[PDB]
Structures are given as structure tokens and as C-alpha cells.
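Below: one structure, written as C-alpha cells.
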Amino acid sequence: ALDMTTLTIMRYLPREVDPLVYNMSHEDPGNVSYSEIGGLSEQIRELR
Amino acid sequence: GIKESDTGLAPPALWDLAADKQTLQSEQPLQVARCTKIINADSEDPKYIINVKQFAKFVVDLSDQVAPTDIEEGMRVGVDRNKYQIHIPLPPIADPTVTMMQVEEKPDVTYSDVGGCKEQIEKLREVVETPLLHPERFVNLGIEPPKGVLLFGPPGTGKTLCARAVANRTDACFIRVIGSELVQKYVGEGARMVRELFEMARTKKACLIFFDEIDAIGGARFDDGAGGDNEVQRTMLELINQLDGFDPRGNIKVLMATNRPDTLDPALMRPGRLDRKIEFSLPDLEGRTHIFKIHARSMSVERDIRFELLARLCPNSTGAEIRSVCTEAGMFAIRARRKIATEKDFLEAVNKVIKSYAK
Amino acid sequence: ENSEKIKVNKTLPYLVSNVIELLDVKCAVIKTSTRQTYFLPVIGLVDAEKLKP
Amino acid sequence: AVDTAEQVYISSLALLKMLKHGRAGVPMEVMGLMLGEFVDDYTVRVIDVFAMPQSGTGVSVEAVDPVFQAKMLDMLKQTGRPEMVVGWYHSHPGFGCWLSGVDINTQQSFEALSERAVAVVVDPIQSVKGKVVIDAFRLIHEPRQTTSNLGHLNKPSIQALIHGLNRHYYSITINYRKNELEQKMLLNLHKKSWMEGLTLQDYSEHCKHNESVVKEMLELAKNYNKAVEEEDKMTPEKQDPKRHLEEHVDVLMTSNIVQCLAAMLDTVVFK
Ligand SMILES: Nc1ncnc2c1ncn2[C@@H]1O[C@H](COP(=O)(O)OP(=O)(O)O)[C@@H](O)[C@H]1O
Ligand SMILES: [Zn+2]
């Protein structure tokens, strides 16, 4: 981000943008736990 | 000498004085933007959204010379150069293509222009003409006056013209539409065109709207096509399902027509879309005689014609071909350079179809 | 006087823009309807919780 | 005499408020007032300048808060500044010194105020890096000129002439009231201190500076063997070896001699 007047660099910023990726990163799944899975055991454990 | 390059300008006695100079130095020119979304926190400091195309969008307000009583959604507004406050609501645009569907006034057609099918146009008028001009029998006997009917008859013959005669005697603004005018390379908007059409008709002092080839519009969904020229499936129900009938209809009269009724969606067939259905055929002998009676007015001829025999020399045939044959007797006069048409011209002009179109 | 300065410096017509995310070193990013892009070290007359990037 | 090409004097003390206010309001045409005196028909001098806060109307007559200025003048005359307001100023960032439709009406009030009030325009963003862009204007053929003073000045610039004397307003030549006291005071801002002048920089950085030119001198030495080899007396092209050798020589020698001299002086002073 740069000055409007002299355009000299006022600050660096965290790289990149986009509200869509925010919406992809700010949705909540709710409260879940591995015990609240229907005993897929092996499967769940493999994913762990 | 130097050549002018199409610069215009009027002679001196027709311009200037101090008026033009004062007007230019005094009045601010107005840029044009589209309107949106009256913010309307409490309806005394409303504010609005505007869009200057390719440039920006702004939140703005009105100049107190104009009031929210004149501002709506879109509304084509005009503002000044620097503070962009609303100075004028601009008049509507002729772009929405409604103009090319317009007839806009009493058509040059009467209830005798119909070629013999006066029976059908009369049963039509029972359901559109009668329940606007003679409402003394509908709602008292129970039902709100109907407003819309369909037609189907011979190949592209006379069908539309009935609507024109009705709209003439109804004293109604007339609009006529084909499926093509609900279609563009830009999609989705094709459905929105019917919405625009009904709204712009209701901005008129009540209007009569007619559709042709309603088979191509009122035809139901075809899933097994798996694509293709698929715009129909996006647009057609917005006619069929947003269309209103005798009950749910505002101050509008509607008429349908197509040569092929077998494919039409029952939703169009059922009420809320249609209040009557009418069938036609190839003009009967009385009809064919009456069409030539009508067209005897359409030219200058040696008016001793045996139209009674001409209509019989025509076997099962249309009435559009009757018009074509009358103009073909005109062709007979032209090829002979004759100042008037004659019965022989009519006879061999009829045979032009009857022989060469059926040899 | 703080409120009346702020009121008289709302300026009445103003641009519209699309919100982009915030940062702490509180300060947000904005894309104009003129497709210009800007960074505000201070968001302004709206609190943080009114916002959705 | 009805006023002529004339002259305007501005104090240096007034000037710095002209720029500081302008560079403060980089998004807006910020404005303020000048105190001075129409000392005579030949010139007007301005001493002291006070900017005033924002008005949502921008540059205008209603931008002037009568309550603020009256007490601001009241405070100023109490603390020794009884001068009246002889003119008003506002910033024009991004475009030169000229008067817009609002400005001419704004100034037209000021002439209607007393007799000959003058406006001042500052463009603080292109007034940078030693360049200054300031001019004074007044509304109404300017009365009979009696000296070549305005003939000396550049004629109204095109970016101002497009809105120039056709709007029956004209420039007044700027001038500065700086004095020997202010001159050396401002000079003392950048005047070198003794330890600053005796700083020996950095010997390792000096070698870095020395290499930064000696390596280049190797190329120009090769390039000098190109200018001398094209002695066919061809068309003019100074470039490549000829000049750039001499400037780089100048900086290189003065760098080494001063560093060694100060170190030599340092060797003598401190024992
Ligand atoms: N017997 C007739 N009387 C009047 N007009 C006719 C007749 N036969 C055909 N027409 C013509 O038909 C045209 C439009 O009606 P039509 O094409 O039948 O509508 P649709 O497209 O619904 O079939 C008009 O231009 C009219 O000149
Ligand atoms: Zn100005």
C-alpha cells in the first residue's frame, strides 16, 4: 500500500486477496467429534 | 476555395442574441446515470444508488427541486458534474424492443375484414370484447370478466388479423409478438422480456397483446433434447407461468394464436392462461366469396367480376392466397401495362395457384 | 461538535465499493466501483462488526 | 493611479503555512485567509497566514466560518497582529494556479468586500522537490502599465490561460519579504555542525565507494579506446567515455582527499 500523494510505499501487506476464499474459510461446520461419527473406525482412523 | 466538411449552422437571423450565451454560462449540463435502491431510511432523507456506465456507481441524493414522488428503480436519472445529486428523472427509452412489437393504435382492420370466419371472431368477442364493453352479465352472474383466448386454423392464414379487428373496435393499443422477440444471444433476458412487455403495456392506458406461433412459445418442456438451442426451456414458462388469466389479470387483454395446437402445454390450455379456444379451417365457399368481396376494395378493377365462380374455381384453399391472387391480378395488369384489372386477370391469377401450385 | 462536524462532513454523495479483508497491523482493504483499489488504515464511521469482507 | 502590473510581497513566514496546509489536505482544495496590508497602489504585502478547518462546501464564501475568523482575528490582533484580511487562498492539487467557476465568484465577493482583495493559488503536490507553483490573481484590459515588470514574467501559462484573462482576471507577480535574520535562521537548519563536518564516514564503505567507480573506470578506459579509435571526424553524438570519465573522476578524487584530509586532521587534533 502506497501514499496517494507521493506513491512511496507506505506499508507492505499480507500477500493476495479475495472475498470468495474468505467465504471458503469462514463457514462453520458446527460441533462434531470423532465419537459423533457412526463407528467408521478404520475409515476415520485412516483419515487420521 | 476551401471546401466545407459537412459542418452545419443556421443563418445569422436564426440564433444567438444574449439568450444562448447566458444559458451556456448559467446552466449546468447533466450527466446521465441509472438509478437503483432508494436507501429510504425513513423516507425524508431517502438517498439513492446511481450507475454511471463504465465509470462508477455512487450513493447520491436529490436536489430539492425534484422529489421522491418522481423517482423509482432504474428510472434513468440525470445529475450534475461534481456533486451528482439527482436533478431530473429522464423519460423512458425505446430500446426494450417493445417498439418493434407495437401497433400502438386502432389497427386498420374491421370485423368484416375477416374472410368468412366472422363466426369465430364473434365467439372471440364474447370473451374479450364483451367482457370489457358489456360487463353487465359476468360478475353479477358470478365470474369476473374474462380477457384472453387462443386461435388455430389454416396455415398462416388470416389468424392474426382477427386480433387487429378486435383491437380496432376495442379501441385498444395493440402489441403483437413472436418467439423470436423473446430470444437473443444473451440468455435469461429472454424471459425478462415478457415481464418488461406486460409492465410497459400496463404503463399504457390498458393494452391488448397478442402472440403468434404460440406452439413455439406455449410448448411444454423437452428434457430428452439434452441441450441444443435450449433457450426456450429458460424463457417459455415465464410466459406460461407468469401469465395471468381471467381472474388474476390486471387491466390487460391478451390473445393467442398458432397453426399447431397439438403440442401446446395444457397449462396454456387450462384457465389462468386461456379463457376460450377457437378453431378455423380453410375458408369455406361463403368465406372464399367474402374474401374476394373484401379485396374488390383493395384494387381498381373492372368491377363486374364473377367472384362467386372464382371462389368455386378455388378448391380447398386459404385466404392469404386470395390476397396474393388479387395482387397477382395486379401483376396481370402490370405485365400488360394496363391501367385497371379485369375479370380475366382474376381468373388466370386464381389459376396461377390453382393450376401451377396444384398441377 | 464532534457529531456536527461528522454530520456536515458526510458530504452526502459518495462512492460505492466492495469490502476486502481486514488486518491488525483493524485496517481494511477496499475495491472501488471505479475498479480502483485502496487500503484504509482506519475503516471509518462503521464499526468492525458491521463488516463482511 | 488605477492599479497596474503592480507587485505582491509574501513573507516567508506566510509561505510555509501555504505549503503545510496544502500538503495536509492532499485530497481536498483546502483554504484559508491572509493577513496583510494594501501598503500602496504599487504593491501589497502579506504577513502571517492562518488556515481554517474543513467545510463540506469546499472552496466558497460559506467556507468562511464568520464566528471562527472573527475570534481568530480577535485572538491575533490581541497578540500583536492587527492586520486586516487582504486576501484568501486555497489549494489546487493536481492542476496549476488558475481560477475555477467557484473561485472567480469567491474572489468576486472579496473585491466586493473592500477594494482590491487578491487570491492565491497553491498546488502542493506538484509544488515539490524545490519546485514551487504559486500565483496571485484579481478580477475586473488591465490599467495602464508603466514598467516592464509584468513584461519580464512568463506570459500566462496555457493551463491557466485556458481560463485566463478571457475571464477578465490576471496574474500579480509574486515576491518574498525574507530578511537577513530569517535567511540565516532558515540556513542554520541545514548548516553543518562541527562534529558532522568532522565525520570520517566509514573506511570500509569508502572502499565500497572506491570500487563502485574504479570498476566503472575500467570500462570507460576500454570505452576511451573507442572514442579515440573513431577519429574519422564523423557526426556529433561527449557520450560514453568523454564526459562520464570527468564527473566520475571529480567525485572519486574529492571523496578520497577529504576522507584522508579529515583523518589527517583527526590525527593532529587528538593528541
Ligand atoms: N381471409 C383473410 N382475410 C384477411 N387477412 C388474411 C386472410 N387470409 C390471410 N390473411 C393474412 O394473414 C396475415 C396474418 O395472419 P396469420 O398469418 O394467419 O396469423 P398467424 O401467424 O397467427 O397464422 C395478415 O397479413 C393477413 O393479410
Ligand atoms: Zn478553486
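Along the chain as shown, residues are numbered 1 onward.
Quick reminder: no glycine exception, Cβ is built from N, Cα and C everywhere.
Over in Swiss-Prot, the protein carries these features:
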type	residues	note
MOD_RES	B:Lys53	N6-acetyllysine
BINDING	B:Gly153, B:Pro154, B:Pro155, B:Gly156, B:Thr157, B:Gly158, B:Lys159, B:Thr160	ATP binding site
MOD_RES	B:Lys359	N6-acetyllysine
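Features recorded in Swiss-Prot, as mapped to the structure shown.
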residue: B:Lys53; record: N6-acetyllysine; Cβ within 10 Å: 9
residue: B:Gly153; record: ATP binding site; Cβ within 10 Å: 23
residue: B:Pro154; record: ATP binding site; Cβ within 10 Å: 19
residue: B:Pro155; record: ATP binding site; Cβ within 10 Å: 11
residue: B:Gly156; record: ATP binding site; Cβ within 10 Å: 14
residue: B:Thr157; record: ATP binding site; Cβ within 10 Å: 23
residue: B:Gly158; record: ATP binding site; Cβ within 10 Å: 25
residue: B:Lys159; record: ATP binding site; Cβ within 10 Å: 22
residue: B:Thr160; record: ATP binding site; Cβ within 10 Å: 17
residue: B:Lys359; record: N6-acetyllysine; Cβ within 10 Å: 6
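Among the binding-site residues B:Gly153, B:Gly156, B:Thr157, B:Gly158, the residues whose Cβ lies under 6 Å from any atom of ligand 1 are, in sequence order, B:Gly156, B:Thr157, B:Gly158. Cα of B:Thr157 (ATP binding site) to Cα of B:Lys359 (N6-acetyllysine): a span of 22 Å. The CA atom of B:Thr160 (ATP binding site) is located 41 Å away from the CA atom of B:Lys53 (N6-acetyllysine). Separating the Cα atoms of B:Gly153 (ATP binding site) and B:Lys359 (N6-acetyllysine) is a whole-number distance of 25 Å. Highlighted in sequence order, B:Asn259, B:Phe280, B:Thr318, B:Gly319, B:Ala320 have their Cβ within 8 Å of the centre of the Cβ atoms of B:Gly153, B:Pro154, B:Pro155, B:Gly156, B:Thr157, B:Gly158, B:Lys159, B:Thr160, the residues recorded for ATP, and are not part of that set.
Of the recorded residues, B:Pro155 (ATP binding site) and B:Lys359 (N6-acetyllysine) place their C-alpha atoms 20 Å from one another.
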